[PDB]
Amino acid sequence: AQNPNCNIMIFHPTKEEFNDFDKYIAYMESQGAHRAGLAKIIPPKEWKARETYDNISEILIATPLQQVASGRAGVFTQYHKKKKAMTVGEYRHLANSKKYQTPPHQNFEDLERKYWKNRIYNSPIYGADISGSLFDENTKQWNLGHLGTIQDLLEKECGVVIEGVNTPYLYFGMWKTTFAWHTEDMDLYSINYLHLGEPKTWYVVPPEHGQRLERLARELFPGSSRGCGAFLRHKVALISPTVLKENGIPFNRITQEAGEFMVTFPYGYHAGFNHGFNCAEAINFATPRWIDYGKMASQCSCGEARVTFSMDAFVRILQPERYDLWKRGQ
Ligand SMILES: [NH3+]NC(=O)c1cccc(-c2nn[nH]n2)c1
Ligand SMILES: [Cl-]
Ligand code: NA
Ligand code: NI
Ligand SMILES: [Zn+2]
């Protein structure tokens, strides 16, 4: 059995191995990468996403979000307060201001300690889920806007055409910008590229142990759990590595740097934070191995989670018994 301890694996594909995306995902899984929930892929030296990042300043962040915490340093929720629009250039200047800039620190571990000690006392601002892409159209390898669609995957595996599209999103982060514990919609894969800037630290729970995390979350956020049987779907709960370790929850951590890809695997819970101003791009995707995870994915039907149009078909076809109840929550 490959990677029995569910360690996060790091891959260094050659330029030849970088041609066929699906093939490489399958190769990583043949090595047990998925057991960890998250893998890092370092592109070959011959590859680049686009020529420069010199001309990105005019991109608009239509609704920046201020992430306001409640709770305690290691166990907190965050809610997203909407702010007035601003450009990426304006956001970059804000991230670098004395109020929001990354503090002096010795190494990634010192910064990690400062994050978990101090995050709740600040409210960082970020740009999230901005449809768009920064890959140049001439980048033919691992271009996140040119991947096979989930709708086509389902059609290929199960035989029926469905409506819906699948396009990338941009994220602009600053110090302490936080992504709460979650799996992807319908327990899809994700792929995540860090285009520019400071690092992003990730925490992940092996898929085989996701229920352990759920059980702990239920204990630590008891009101939220009563409100929804899949409340981690809401993407607002944080639990620190110290608290995870105290509670015996299996997990791993890794820092992604600019120029690196991260893949999350079906039912791999993840959370993390940004070290300073950065830009990432991400998209969900599927493979044949996802289908069984999609069939079995929990769903939030309390109303809070969101309205993702593309998800409808996925629930409708894979989860017919649940569909009407889920559709009401939409
Ligand atoms: N699955 N991918 C993610 O959860 C992900 C991808 C890119 C950026 C972020 C993110 N970075 N800061 N807040 N959220 C999350
Ligand atoms: Cl700090
Ligand atoms: Na470990
Ligand atoms: Ni995610
Ligand atoms: Zn819910």
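The numbering scheme restarts from 1 for each chain and tracks the written sequence of that chain rather than necessarily the entry's numbering. Residues without coordinates are not displayed. The lettering of chains begins at A and the numbering of ligands begins at 1, in the order of writing. The side-chain quantities take in all heavy atoms of the structure and omit both hydrogens and water.

This entry lists X-ray crystallography as its structure determination method and reports a resolution of 1.33 Å.

1. Details of the overall build of the protein
Counting from the N terminus, the helices are the DSSP runs of H or I reaching at least four residues and the strands are the DSSP runs of E reaching at least two. A tally of regular secondary structure across the protein gives ten helices and 16 strands. Summarising its shape, the C-alpha atoms of the protein cover approximately 55 × 50 × 40 Å along the three principal directions. Taking all contacts inside the protein whose residues are at least 6 apart in sequence as the whole, residues at least 24 apart take part in 83%. Entry remark: accessible area of the protein is about 15,600 Å², with carbon and sulfur atoms responsible for 50%. Side chains of the protein give 38 positive and 36 negative charges; the mean places of these two sets differ by 8 Å. In what follows, residue pairs with any heavy atoms lying within 4.5 Å of each other are defined as contacts. The method behind every accessible area is Shrake-Rupley, applied with a 1.4 Å probe, and residues are considered shielded solely by the protein chains displayed. Under the counting rule used here, the positive set is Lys and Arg, the negative set is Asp and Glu, and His together with the chain ends is not counted. The atom standing in for a charge is NZ when the residue is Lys, CZ when it is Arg, CG when it is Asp and CD when it is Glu.

2. Section: the packing of helix α9 (residues 311–318) against helix α10 (residues 320–329)
Axis definition: a line fitted to C-alpha atoms, limited for helices to the stretch in contact. Angles are taken between N-to-C directions and run from 0 to 180 degrees. Relative to each other, α9 and α10 sit at 140 degrees, their axes nearing to 6 Å. Taken as axis vectors, α9 and α10 run oblique relative to one another. Of α10, the residues touching α9 (which contributes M311, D312, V315, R316, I317 and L318) are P320, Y323, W326 and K327. Here the contact of α9 with α10 is composed, by residue class, of seven nonpolar, no polar and three charged. Angular relationships are summarised with four words: roughly parallel below 35 degrees, roughly antiparallel beyond 145, roughly perpendicular across 65 to 115, and oblique for the angles in between. Residue polarity follows a fixed list, in which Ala, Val, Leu, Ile, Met, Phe, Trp, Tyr, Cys and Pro are nonpolar, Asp, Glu, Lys and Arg are charged, and the others, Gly among them, are polar.

3. Digging into unusual backbone geometry
In the Ramachandran plot, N3 falls in the positive-phi region, its phi being about 55 degrees despite a non-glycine side chain. Among the structural elements, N3 can be located in the segment before β1 (9–11).

4. Digging into the UniProt feature "binding site: 2-oxoglutarate" in the protein
In the UniProt entry, the feature "binding site: 2-oxoglutarate" is given for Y126, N192, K200 and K235. Setting aside chain neighbours within four positions, we find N192 in contact with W202, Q256, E260, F261, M262, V263, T264, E281 and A282. Aside from chain neighbours lying at most four places away, what touches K200 is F179, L194, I254, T255, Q256, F273, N274, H275, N278 and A280. UniProt positions are given in the numbering used here, feature names are shortened, and annotations may be inferred rather than shown by experiment.

5. Let's talk about the coordination of the nickel ion (ligand 4)
For the nickel ion (ligand 4), the protein coordination sphere consists of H182 (NE2), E184 (OE) and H270 (NE2), at 2.1 to 2.2 Å. Because water is not among the atoms used, a metal site may look incomplete, as its donors are only the N, O and S atoms within 2.8 Å, or 3.2 Å for Na, K and Ca. Expressed as a motif, the donor residue spacing for the nickel ion (ligand 4) is H-x1-E-x85-H. Under the scheme applied here, a residue whose accessible area is under 20% of the maximum for its type counts as buried, over 50% as exposed, and between as partly exposed, the area being computed with a 1.4 Å probe on protein chains only. We classify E184 as buried; its relative accessible area is 12%.

6. Details of helix α4 (residues 150–158)
Turning to α4, its buried residues number three or more, namely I150, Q151, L153 and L154. In an axial view of α4, the angular spread of the buried residues amounts to 160 degrees, which keeps them on one side of the axis. Buried residues belonging to α4 abut β16 (278–285), α8 (290–296) and α9. A positive phi of about 95 degrees marks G159, the residue just after α4. Read the arc as the range of directions from the helix axis to the C-beta atoms.

7. Observations regarding the site of ligand 1
Residues in contact with ligand 1, as listed here, are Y126, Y171, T177, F179, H182, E184, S190, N192, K200, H270, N274 and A282. Any N or O atom pair separated by 3.5 Å or less is treated as a polar contact, with the protein-specific requirement of one donor-capable and one acceptor-capable atom, and with residues adjacent in sequence counted only for side-chain atom pairs. Between ligand 1 and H182 there is a distance of 3.1 Å, counted from an oxygen atom to a side-chain nitrogen or oxygen. One of the side-chain N or O atoms of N192 is found 2.8 Å from a nitrogen atom in ligand 1. Residue composition of the shell around ligand 1, grouped by class: four nonpolar, six polar and two charged. When at least one non-hydrogen atom of a residue lies within 4 Å of a molecule or strand, that residue is treated as near it.

8. Focus on the layout of surface pockets
Grid points spaced at 1 Å and placed over the protein atoms alone form the basis of the search, with a cavity being a set where a 1.4 Å probe fits but cannot get out and a pocket an open set showing protein on both sides within 12 Å along at least five of seven lines. Lining residues have an atom within 4 Å of a point. Grid points are joined across faces, edges and corners, and a volume is the space filled by probe spheres set on the points. Size it by volume and the second largest pocket reaches roughly 410 Å³. What lines the second largest pocket is a set of 21 residues, among which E214, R233, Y267, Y269 and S298 lie closest to the centre. Elements with a minimum of two residues in the lining of the second largest pocket: α5 (210–220) and α8. At three residues, α5 tops the list of elements feeding residues into the lining of the second largest pocket.

9. Concerning the sheet that holds strand β2 (residues 38–41)
The criterion for strand pairing is that DSSP finds at least two bridges linking the strands in question. The strand order β1-β2-β14-β10-β16-β8-β7-β4-β5-β12 describes an open sheet built from ten strands, whose pairing is mixed. In this open sheet, the two edge strands, each paired with only one partner strand, are β1 and β12 (237–239). On average, adjacent strands in this sheet sit at an angle of 25 degrees to one another, irrespective of strand direction. Across four bridges, β2 lies against strand β14 (residues 261–264) in antiparallel orientation. Among the inter-strand pairings, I41 is bridged to a residue of β14, identified as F261.

10. Some remarks on the side chain of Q141
In this fold, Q141 is placed in the loop between β7 (125–131) and α4. Take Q141: its relative accessible area is 17%, and that puts it in the buried class. In this structure the side chain of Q141 is engaged in a polar contact, spanning 2.9 Å, whose partner is the backbone oxygen of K15. For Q141, the side chain forms a polar contact with the side chain of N19, separated by 2.8 Å. The residues touching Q141, leaving out its near neighbours within four places in the chain, are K15, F18, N19 and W47.

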